[PDB]
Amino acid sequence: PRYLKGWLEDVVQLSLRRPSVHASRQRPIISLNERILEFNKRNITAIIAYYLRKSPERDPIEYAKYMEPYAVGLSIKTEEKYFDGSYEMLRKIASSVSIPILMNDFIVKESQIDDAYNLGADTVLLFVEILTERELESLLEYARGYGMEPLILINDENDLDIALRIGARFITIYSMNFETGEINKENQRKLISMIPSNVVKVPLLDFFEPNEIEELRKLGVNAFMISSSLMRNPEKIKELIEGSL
């Protein structure tokens, strides 16, 4: 990992000691970025439901089964200490729903990508701010070796410069204060506009005005990863993806 301080250094050093699981994958890779592109072809709004067991609360299996008919995919956060995630939580979800599952964690070694594949996840999140440029490229290639196109978390211009240099094709835009969780919506749109046409772009939204969705659509975002709004009111995803009777 790169030099880090604060809780980011703590999760990263914790993640380096994450033991690998001895599970065997029981279903194929269901590509997340390809399903998003299939949604785009049919102009279906693609929403990744971003799930946390806790945050510094919904049942993980019930939340996943509720989102299955609506979400383009699920983001499951498997970090244990700060987010109450677990690998067994991911395995149960992956074998219970039929939509793509993204393992969201602080991935700092190859065995974590081995775990995601073995547990049934369809892709992983790679986090630019915790990795060196060479590390991120190596983990990107390793994830691709499994058939996974990882989602690259960028938070500022420097992160994007690194992501594009190593050939990222699937990028999520946080623009988040990692100490508070607050998202700068203005800097988020700005980074989105700097991303070339051949990259699948996914802004992260905790809360949002429905007007902000249409504005992001104008910038050419392929999907939306939505966290706290859907945790508080899961039924709000229906308004995003379908009309009413």
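Numbering starts at 1 and follows the sequence shown.
Unmodelled stretch separating residue 56 from residue 57: 4 to 9 residues (count of deposited-sequence residues without coordinates). Looking at 143-151 and 90-98 together, the entry lists the larger mean B-factor for 90-98, computed on C-alpha atoms. Of the two segments, 190-198 and 210-218, the one listed with the higher mean B-factor is 210-218 (C-alpha atoms only).
Residue set 47, 183, 44, 32: peak C-alpha B-factor at 183 (per PDB entry). Highest C-alpha temperature factor among 12, 223, 23, 226 per the entry: 23. Among the modelled residues of its chain, residue 158 has a C-alpha B-factor that falls in the highest third according to the deposited record.
Among all modelled residues in this chain, the alpha-carbon of residue 84 has a temperature factor (C-alpha) in the highest third.
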